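Structure first, commentary second.
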Amino acid sequence: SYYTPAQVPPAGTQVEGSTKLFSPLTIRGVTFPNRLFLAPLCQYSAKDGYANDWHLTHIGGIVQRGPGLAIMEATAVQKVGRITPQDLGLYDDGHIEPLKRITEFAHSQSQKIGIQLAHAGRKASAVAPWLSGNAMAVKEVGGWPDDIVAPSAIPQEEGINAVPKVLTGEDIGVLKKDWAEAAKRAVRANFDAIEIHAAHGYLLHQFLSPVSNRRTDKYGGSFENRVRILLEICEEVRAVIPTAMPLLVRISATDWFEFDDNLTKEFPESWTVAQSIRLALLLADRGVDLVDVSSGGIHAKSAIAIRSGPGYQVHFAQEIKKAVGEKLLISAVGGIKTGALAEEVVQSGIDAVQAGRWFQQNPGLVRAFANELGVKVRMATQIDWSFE
Amino acid sequence: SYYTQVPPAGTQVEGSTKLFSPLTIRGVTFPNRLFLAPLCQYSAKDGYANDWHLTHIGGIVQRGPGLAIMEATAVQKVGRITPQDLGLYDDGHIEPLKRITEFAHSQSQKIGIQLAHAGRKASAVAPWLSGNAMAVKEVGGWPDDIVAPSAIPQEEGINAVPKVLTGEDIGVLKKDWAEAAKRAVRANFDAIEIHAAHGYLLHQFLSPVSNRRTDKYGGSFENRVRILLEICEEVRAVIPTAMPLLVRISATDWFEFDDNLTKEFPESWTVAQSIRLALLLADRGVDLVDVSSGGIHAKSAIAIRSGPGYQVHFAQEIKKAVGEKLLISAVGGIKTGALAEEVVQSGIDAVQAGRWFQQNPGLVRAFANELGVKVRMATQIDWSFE
Ligand SMILES: Cc1cc2nc3c(=O)[nH]c(=O)nc-3n(C[C@H](O)[C@H](O)[C@H](O)COP(=O)(O)O)c2cc1C
Ligand SMILES: Cc1cc2nc3c(=O)[nH]c(=O)nc-3n(C[C@H](O)[C@H](O)[C@H](O)COP(=O)(O)O)c2cc1C
Ligand SMILES: [Cl-]
Ligand SMILES: [Cl-]
């Protein structure tokens, strides 16, 4: 073989330097070149759940610049489980082909790509956040307010959201099968990893939290009952995806009520960090490789933790990681917006960090972090050449 | 109508800089005067655009350059710079480029493409392999088939000696430039640029260093500019009258600024000739000239340099000479918003940036921040700042 090109590592490889952040991480059959992941970040740009060239150019522009793993936004496992009418879906076989075009591009760059499987439950059929932080998408704009579902018939915010329909046991069986089928579709779309969304007040968190889950069947009313649907979904997803495939779960570490004097009185039973630790070990027992630690979402008084400060919920990730040790990988997310902070989080014992907004603000976040840390991390050949 | 506006990304929503003020050419309005300069990606096979080009251009267009000019795109197969260049020499090239213009248009953005021919600098390797070396046939090259006005290699002992274009070859070449322009129109580009710079084919005719012909295409100024004037006429005859037509020139071979190089190359391409040419181009429906420099010789490299605004003065000299008869853009190290605004406030109509966009696709927002103004991004991108 003549004129063989010089071999190069994937973009995102630490070619000079010894930071932990830009050191590789292997989970089962996949090696990520570094531990700075793109967090799932809804784009509100789809019709009928299909990815289009917005998603391809958005994700592709970031993947050119070497995140260790690029996790695609919340992708609904049921049509009625979309957050907005503009969400991605994996509930139709037709969804596979456009997503495959994105994974193909990532793989042309020798990059790793994942997707977050999701269901919004009682927070479904809402409008994009630039229209409202919480308002219904009515049927005339593609909404389905009459068809949203939940563990209990309680609206997210009364007077704003539709009252959800209560899932029956049969409905829960169908839901679990649909989660598994969406996972099978993600595999057919050639994703390298899958994440289950169990956070941010969406359907699985609605079962986890006694604030939203008032059921008295086997899916509510005790810790074992409240985590049951998530544990069952993890088992059934693991049963249908390759054993080589990393399985991630994103959780809300707490409803935050436990940390405020008044809110604890108002909601004396809620989802808490101690329950998250207990849950994390049960997840590890079912083949979940990594848990990403966010927080919030279950109530108007408990927003999704999208905040303005640095590393604002790293401490939850650290408490969980201290409790679980090497039995489970942990990633932190939230305001991890400089290289110094990202490296400090992983040096403290956290296995990886994720950034969401900071990648959309700066698709070259990896190189910014590398520059701050005084190390060299390869970009795409064309991009590195542009610095000449 | 129930449940019913935002301006395009790149619109100055607060502030009064000239840089982020709109510019109208014929039937097209650009929301600002910061353009993405043509920037080869060396990522194509057989001239076809692919998802590298789509994700590269799309990621920049999301962030609102007034006009995104796509890289040198060959009008003949043998006119590619490298075997990895884009082409518009085959109808098959239309649909992949159409996907890119479709995405730009979904963002209400304007997109152009640079039609090009490398002449005696064709069939070279990508620059990270060599600044100048032949792509041999075994790696997709065509050294035996490169063409030029005169049988003189770019660098002797490095580049193949080119075949001399005959009169009939020149007729075919002009028809191929026009056919590529027709294909660019069918791919739904908003604007077209003719590449007449950087030592490539049309500059090879312009400069007496490379053009030693004694037919009607060499040996005098009128003869040396002839092929470019004729190509501009042929292209204008086949594209919409509403379409902006740009030309990129090399302002000079640089030999005129050094006594020894003037002795060694007593006739070369010069700024004064660029001024004369610019007015002839304006007469033929060229709307805007972008001012670069260099390329014709090892002793005259393409001006890709490390300093700020390093050939702004050529653009200013040409703009002073042509006045309102022609629009002028500057390029080269225009890497901060303060500099870009100073350049346009000196009378230049627009500025272009190449490397600085690939380094930072959000260059527009960086420049706007430095200037203390607000320039809209795609809705999703502006939302990510909440
Ligand atoms: C516009 C937007 C969309 C988001 N979409 C998702 C999503 O689809 N899934 C998810 O789990 N989190 C989502 N999040 C939360 C982020 O993944 C992330 O956890 C949060 O923004 C904090 O990290 P950051 O400071 O790096 O952005 C979103 C956040 C924003 C601002
Ligand atoms: C990698 C690379 C590729 C380029 N490709 C082209 C091209 O296709 N056509 C062109 O006219 N100029 C091309 N240029 C020159 C640029 O358009 C630009 O004029 C030059 O890089 C200086 O401007 P800048 O400082 O903004 O990069 C290229 C430059 C580089 C570094
Ligand atoms: Cl979310
Ligand atoms: Cl060039």
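If you go along the chain as it appears here, the first residue is 1 and each next one adds 1.
Backbone N, Cα and C atoms are what each Cβ position is placed from, and that goes for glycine too.
Listed features, source Swiss-Prot:
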BINDING   B:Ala37, B:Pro38, B:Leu39, B:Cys40, B:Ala72, B:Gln114, B:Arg248, B:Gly354, B:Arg355  FMN binding site
BINDING   B:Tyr42, B:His195, B:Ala196, B:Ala197, B:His198  substrate binding site
*asked:* Please give me the CB contact count at 10 A for B:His198 (substrate binding site), counting all chains in the structure.
replied: 24
*Least buried by Cβ count (within 10 Å) of the binding-site residues B:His195, B:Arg248, B:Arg355*: B:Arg355
_Contacting binding-site residues for ligand 2, chosen from B:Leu39, B:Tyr42, B:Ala72, B:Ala196, B:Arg248, B:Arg355 when the Cβ sits under 6 angstroms of any of its atoms_ = B:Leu39, B:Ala72, B:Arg248, B:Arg355
*So what sits near B:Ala197 (substrate binding site) in its own chain, CB-to-CB under 8 Å and at least six residues off in sequence?*
B:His203, B:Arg248, B:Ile249, B:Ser250, B:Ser292, B:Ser293, B:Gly295
_Suppose we screen the binding-site residues B:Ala37, B:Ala197, B:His198, B:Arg248 by Cβ distance to ligand 4 with a cut-off under 6 Å; which survive, in sequence order?_
B:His198
*asked:* So among B:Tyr42, B:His195, B:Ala196, B:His198, all listed as binding-site residues, which is physically nearest to B:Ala72 (FMN binding site)? Use the C-alpha atoms.
replied: B:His195
*Apart from B:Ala37, B:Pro38, B:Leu39, B:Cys40, B:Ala72, B:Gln114, B:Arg248, B:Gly354, B:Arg355, which residues in this chain have a Cβ no more than 8 Å from the mean position of the Cβ atoms of those residues at the FMN site?*
B:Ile69, B:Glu71
_Coarse DSSP state, helix versus strand versus coil, of B:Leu39 (FMN binding site)_ = coil
*Could you state the CA-to-CA distance between B:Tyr42 (substrate binding site) and B:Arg355 (FMN binding site) to the nearest Å?*
14
*Least surrounded among the binding-site residues, given as B:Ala37, B:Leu39, B:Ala72, B:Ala196, when other CB atoms within 10 Å are counted*: B:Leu39
